[PDB]
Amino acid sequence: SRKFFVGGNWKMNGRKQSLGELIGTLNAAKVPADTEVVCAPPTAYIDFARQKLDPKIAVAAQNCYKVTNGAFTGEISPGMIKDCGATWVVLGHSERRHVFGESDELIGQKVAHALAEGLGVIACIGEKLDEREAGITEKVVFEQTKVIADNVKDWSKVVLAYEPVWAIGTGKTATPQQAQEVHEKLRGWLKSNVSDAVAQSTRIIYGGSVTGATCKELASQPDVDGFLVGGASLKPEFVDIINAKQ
């Protein structure tokens, strides 16, 4: 069965001192044998984070570019990510798409290059509020998933993260039923457009609001295989979310 997957996205937060304290807490945590745990530090601390974190937790970069080296001031490559001992990269995150304007085309090319270079990919998708309210959730997420699928040969190295971008600061929130709906939809898409084996083996993780209070109910949803955690990843609460299936 699909191994439960908990990603902590630290975003642009922390310094050596405070992140050192967080890392101590995570190093001390008993992580369930049925759960895969990944932390995504700010880019300046990928190296530091990998040095301090116990081997039981994997490290992800929060973004990368689509060639191995080049004249791209302020970017990093999968090769550099691997070189710092990280094994994953987050791609297509809602902040990259909607604050920094990264296109599906660019994201797809990043996905292909990262996977060819031997990284795992946590590939993010999701619809905004207007899109949900116009009835086209299924359209938006299926198209974003297709672009990602066009650049994936081996799905053993990818995790799909649904972000209900429509619930971010907007005045609406997603229920566990509403998330389950979209995850079941996506697994059916994988079954239809790639294989039954990939549908049943691929983790589809929930990227909306998740806390200690809400994680057990969300995790119990049959098609929710884990989380890409925001704010709670910077706190001991993250370990409650790691424990969500226990």
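Residue numbers here begin at 1 and follow the sequence given.
- Mean CA temperature factor is higher for 135-143 when stretches 135-143 and 91-99 are set side by side in the entry.
- 185-193 and 60-68 differ in mean CA B-factor, and the higher of the two is recorded for 185-193.
- For the set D104, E117, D130, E163, the PDB entry assigns the largest Cα B-factor to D130.
- Of all the options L53, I46, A199, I205, the entry's greatest CA B-factor is assigned to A199.
- The PDB entry assigns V158 a C-alpha temperature factor belonging to the middle third of its chain's modelled residues.
- Among all modelled residues in its chain, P222 ranks in the highest third by Cα B-factor.
- For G171, the recorded CA B-factor ranks within the middle third of the chain. Only modelled residues enter the ranking.
- When all modelled residues of the chain are sorted by CA temperature factor, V210 is found within the middle third.
- For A40, the recorded CA temperature factor ranks within the lowest third of the chain's modelled residues.
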